[PDB]
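Atoms within a ligand are numbered from 1 in the order they appear, just like the ligands themselves. Worth knowing before you read on, the calculation uses all heavy atoms, side chains too, and leaves out hydrogens, waters and symmetry mates. A, B, ... follow the sequence lines: proteins, then strands. Residue 1 opens every chain.
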Amino acid sequence: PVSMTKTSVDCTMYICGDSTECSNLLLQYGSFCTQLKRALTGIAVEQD
Amino acid sequence: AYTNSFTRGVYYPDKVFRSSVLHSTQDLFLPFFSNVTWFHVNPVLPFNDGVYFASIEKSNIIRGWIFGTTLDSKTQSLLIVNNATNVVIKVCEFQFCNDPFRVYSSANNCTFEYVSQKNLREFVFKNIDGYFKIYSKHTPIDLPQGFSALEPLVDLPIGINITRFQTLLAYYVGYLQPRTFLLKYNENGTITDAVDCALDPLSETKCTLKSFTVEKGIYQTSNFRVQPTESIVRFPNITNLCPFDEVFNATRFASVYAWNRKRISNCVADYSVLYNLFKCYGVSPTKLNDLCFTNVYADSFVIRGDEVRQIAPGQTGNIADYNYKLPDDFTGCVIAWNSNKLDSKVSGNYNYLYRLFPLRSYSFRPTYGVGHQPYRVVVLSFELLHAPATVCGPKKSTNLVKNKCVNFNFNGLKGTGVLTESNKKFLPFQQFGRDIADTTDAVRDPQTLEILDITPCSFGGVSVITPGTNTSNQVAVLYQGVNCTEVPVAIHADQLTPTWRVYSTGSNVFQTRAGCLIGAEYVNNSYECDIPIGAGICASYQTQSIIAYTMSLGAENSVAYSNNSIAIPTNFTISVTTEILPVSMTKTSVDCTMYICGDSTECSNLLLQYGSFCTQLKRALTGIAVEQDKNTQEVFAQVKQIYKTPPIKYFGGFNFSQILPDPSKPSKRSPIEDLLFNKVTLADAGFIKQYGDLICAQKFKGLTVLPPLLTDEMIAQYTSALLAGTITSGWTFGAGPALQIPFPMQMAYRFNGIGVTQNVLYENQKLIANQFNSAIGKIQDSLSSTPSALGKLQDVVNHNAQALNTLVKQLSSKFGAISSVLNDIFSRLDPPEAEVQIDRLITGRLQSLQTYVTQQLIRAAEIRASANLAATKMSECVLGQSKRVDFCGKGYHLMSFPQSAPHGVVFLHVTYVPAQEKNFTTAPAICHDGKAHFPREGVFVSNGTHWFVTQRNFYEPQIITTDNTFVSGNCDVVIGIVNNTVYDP
Amino acid sequence: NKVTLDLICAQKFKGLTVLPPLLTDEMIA
Ligand SMILES: *[C@@H]1O[C@H](CO)[C@@H](O)[C@H](O)[C@H]1NC(C)=O
Ligand SMILES: *[C@@H]1O[C@H](CO)[C@@H](O)[C@H](O)[C@H]1NC(C)=O
Ligand SMILES: *[C@@H]1O[C@H](CO)[C@@H](O)[C@H](O)[C@H]1NC(C)=O
Ligand SMILES: *[C@@H]1O[C@H](CO)[C@@H](O)[C@H](O)[C@H]1NC(C)=O
Ligand SMILES: *[C@@H]1O[C@H](CO)[C@@H](O)[C@H](O)[C@H]1NC(C)=O
Ligand SMILES: *[C@@H]1O[C@H](CO)[C@@H](O)[C@H](O)[C@H]1NC(C)=O
Ligand SMILES: *[C@@H]1O[C@H](CO)[C@@H](O)[C@H](O)[C@H]1NC(C)=O
Ligand SMILES: *[C@@H]1O[C@H](CO)[C@@H](O)[C@H](O)[C@H]1NC(C)=O
Ligand SMILES: *[C@@H]1O[C@H](CO)[C@@H](O)[C@H](O)[C@H]1NC(C)=O
Ligand SMILES: *[C@@H]1O[C@H](CO)[C@@H](O)[C@H](O)[C@H]1NC(C)=O
């Protein structure tokens, strides 16, 4: 094996899904998806 | 008349002082570069969702406003009026004049009054949660293009509905929209710039990274383009109305003693049909519809008005106690109404024989006082047994909207989405459809029975290709997994702002296997990848514009293969190349109690109940910290003896000044080592802090950096010992005692290693030495003027600093509690609820620390792999000569030199690169005297007429004698054997 | 042919996307 599937996540869609009420409650975390998205982006760049 | 708002209308979102920070705020803001209606001097404009109002003047002609819905005397209105020395604010049922400027006729029923106290005056008016918020700013000045934040002026508890407003007399009116803005606070304290996240793709990128400067690259953004949604309810076509018509229009009602009891059940009960004919207990009339019951028990009878009060919970009159005893507590709706014109028989209605003791008769006349008159009563008792409810209200339904993001409720299934018909074929009994996620994706319409396929609205964020904000503000947008005919429908590029719709079409549109790219011109020229888009497509800044292109793999080069031709190098190059390897990372310590429970003792005593979490975290981080010193030791502490180079630094013309220690500096670092030391910027370095920036913030939150065991000076000493050992003894000091050997003789050994005879080095000693010296000088030069050569080490440093800053910022999360401040929770709530809130906060912060530690463990495993590779390189490239291809540089490895870099090692690999090749004819073997000869160590080459034997990596032709070939067999097997003479000496 | 390389749409409707590799199979070939 040389590379794995590159995946990307959008928290707002996965956690909330078009729901504005949930989207506005998810801003009290904020850095947790910045961190998760940054981790997955690092993985994708590493695959390339 | 319309004008450009530019970036006016920003105001301070809250009352908290902030300094040197970027803060995101979702509020009602005037969007940047909006259209402002300009009035010169007073019409009634709408209010919508708040207003921005600017006035450039010098005379004070504009000095007030009215706000309201009708602005007539039938509705409450707000009036703000400045005067010579005061501002008067009133809320009353004003009767405003046709043209107010004396502004109203009547002022009845006031509710609130409050009196207080070229120029540009800006105001922002908002009406939220019953409060009229006013922000303002005044400057001495099209509308200016500076940035100026409005400060809060007053919040008034007016509690009215406002839809339109008018000014009391140039002046400009703009409308606030729900937006997220990224605000920049200065240090001397001020809002000095802002980003409108919904303006355009670059602003979306800036709000996604929470920064005002973006580096070159491609960024996945979060969706800041917020669209409205309407609501649609769809319930089954009602049918089956309850038989209530028979209990409220029956000709003759029963008598209170012989009262009736109907059991209305299994139907829809429209109680609203009343109000056209109503004291409800244990229930409110307005909720009756959306409630359900097992069986509403409808009793009906007739009494005299004086007795209607007795039909109620808690009364104890004669009827309430001798005819119809209604419990003191119950649910229902006593519906009474005078029916004298339906129950007053002339001469006396002796049809309502009421009990009193045994029982007498009411006997109404059509002339009785209001008093004792026929009054019909329907007691609608309700039920709530555990048995299923079967009596319910109408359950009204809305119309159906299609192809619009909507909040829907189909027969009790709620959700947001876009309904777009469907082709799915449900079974007749199936009502919904679910997808792989076990989430609803199709619904059958309860009324029309058609099947609608639910799809998400807002496919999310997009990818933005930027050359960097420093260079340009031009961007391209990639929509992933979409073709360039559906992009405008996908992003809903009709409700978007302008400057966003420019990125949905425009003939600068290119399709890729990754999706649609708009804003870049696809050239057919192929270059190296600059910004990777994917599927072979890259982007770059041409200079002037963003160009997309297919990536180029490299220069094509056909090799002239032939059955008898060989290219042999006639010259060589001594190449010196660098290899940067991380060895260690920052050692970090966390004070678990300080991070989770900062300065709160109750929080600490609660934290004592979550087990060994903090102990496990401390153990993991201590393991990482020890592993870092073990990494450094395994890389640099290979030799046990500290070797020294001789005082005289002559090595056959080889010049190591740039790598050897330099005594003219306290650190004794080498010049290249000094350059590397000044090219990587450390954050903390773990050294004493004297009580009295970001390091201070982290330290106050309990996060510290521990110093490495080996100092930079000791690592430099290890490097210098390695360098001296290799310069003065070759590879011997790695295998046993260091055996001295002159450097040219050692270099001859290393030339032998790569398969070129020793003479080649002894005969080219000066050229080889000068090539090496020039290569080392080029290494220094391309380091003193290289943009990011130490990017790997700097990446280690930045990753550690960024993780620590993320930890510090995650302390502002509430995790669903009332506040992120433990002290406020304890000072506002009693233990019973404070426990819930504090448990939330402690769990959230424990999870944040655990995430940090897990990421540190993973990164430490990566760094340990890198340090193991560095130790292997030190053993096999510095302590020996490697035959492994590309392990110690590109080319035939000669030797390597280590140099300590702040958090890692740099290897200077010296390799031998053949050069200046020449074609020759060649044969497998040479036939002579009927015997086949094969070259001992060489290949047969021909200058065209004569045949020589040469070494393979350097052209040194020799006469083909019997001391450089060997005989095996005859000339009848070897396919290609050539006829020539072997000079038997 | 030997490695088996609506579900993807269903996931993408939940925020999860599979990004294409930068180098195509033809470039790797
Ligand atoms: C302002 O109005 C003009 C036409 O009246 C329109 O072309 C432009 O896009 C508008 N700008 C904004 C930001 O709505
Ligand atoms: C803060 O005030 C000082 C004193 O007048 C001024 O010199 C300085 O410019 C202000 N802040 C900054 C960052 O300039
Ligand atoms: C309710 O009436 C509409 C009008 O024709 C009809 O389409 C629908 O099928 C009816 N509901 C039921 C359950 O039959
Ligand atoms: C997008 O739709 C167009 C219009 O028919 C079609 O030519 C193209 O192949 C489609 N692309 C994708 C990726 O579905
Ligand atoms: C030798 O090379 C020539 C030219 O490439 C070719 O024509 C010939 O077929 C080769 N030898 C054999 C035995 O095929
Ligand atoms: C080999 O290259 C060097 C330059 O690096 C040159 O001075 C020398 O003359 C070359 N040797 C031959 C035999 O051409
Ligand atoms: C070695 O090179 C350095 C830097 O190029 C130079 O300063 C020094 O004089 C050189 N030493 C000798 C002996 O040529
Ligand atoms: C060998 O000959 C081929 C074809 O004549 C030519 O392309 C190639 O450059 C030559 N090689 C050298 C080292 O001159
Ligand atoms: C034979 O090879 C030698 C190389 O040692 C060269 O000097 C000479 O010119 C060659 N002879 C012919 C005829 O090419
Ligand atoms: C070498 O000489 C012999 C002598 O008869 C001859 O038969 C043979 O063909 C020659 N070899 C080649 C490769 O021409």
Side-chain angles (χ1 to χ4, degrees), chain A residues 8, chain B residues 17-23 146-149 183-193 212 420 455-456 459-460 462-463 477-484 486-493 503-518 520 522 533-537 548 550 562-566 693-694 920-935 939-942 944-947 949 960 965 967-983, chain C residues 5-13 17-21 24-25:
Chain A
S8 200
Chain B
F17 175 94
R18 297 184 218 275
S19 210
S20 341
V21 52
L22 295 177
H23 195 255
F147 225 118
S148 268
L183 304 172
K184 153 100 76 44
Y185 293 79
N186 203 21
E187 45 293 338
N188 200 313
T190 305
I191 299 184
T192 68
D193 191 45
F212 280 57
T420 90
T455 109
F459 71 97
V462 305
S463 286
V477 181
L478 173 83
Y479 306 90
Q480 276 261 355
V482 174
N483 13 2
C484 327
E486 292 58 50
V487 156
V489 179
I491 52 175
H492 309 325
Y503 290 99
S504 89
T505 74
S507 185
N508 247 346
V509 177
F510 170 58
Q511 180 61 51
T512 63
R513 180 241 264 161
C516 188
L517 181 65
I518 300 155
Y522 184 75
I533 321 300
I537 309 301
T550 307
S562 155
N563 7 18
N564 61 99
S565 182
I566 189 143
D693 175 47
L694 284 135
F920 303 97
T921 305
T922 184
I926 299 272
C927 181
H928 174 75
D929 312 352
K931 280 173 341 177
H933 294 75
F934 311 82
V939 58
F940 289 134
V941 286
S942 147
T945 73
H946 313 117
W947 277 93
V949 70
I960 295 147
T965 63
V967 152
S968 156
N970 332 97
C971 329
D972 59 340
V973 252
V974 189
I975 300 178
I977 181 153
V978 156
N979 283 4
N980 207 65
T981 141
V982 183
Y983 167 14
Chain C
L5 258 227
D6 196 294
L7 184 125
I8 281 56
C9 259
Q11 302 174 332
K12 191 142 39 177
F13 287 170
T17 124
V18 172
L19 307 168
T24 68
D25 274 348

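In this structure, B:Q511 CD and B:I518 CD1 are separated by 9.5 Å, a value rounded to the nearest 0.5 Å. In this structure, SG on B:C927 lies 9.0 Å from CG on B:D972, to the nearest 0.5 angstrom. Note that CG of B:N980 and CD1 of B:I960 are 5.5 Å apart. Values are rounded to the nearest 0.5 Å. With values rounded to the nearest 0.5 angstrom, B:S504 atom OG is found 6.5 Å from B:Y479 atom OH.
Geometrically, ligand 4 and B:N483 share a nitrogen or oxygen pair separated by less than 3.5 Å.
For the pair B:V462/B:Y503, no side-chain contact is recorded, criterion being any heavy-atom separation below 4.5 Å from C-beta on. Proximity of B:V949 to B:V939: side-chain heavy atoms (C-beta onward) are nowhere separated by under 4.5 Å.
Residue B:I977 touches ligand 10 through its backbone alone, judged by heavy-atom distances below 4.0 Å.
Sorted by chain and number, the residues within 4.0 Å of ligand 2 by heavy atom are B:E187, B:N188.
Ring planes of B:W947 and B:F940: perpendicular class, angle over 60° (limits at 30 and 60°).
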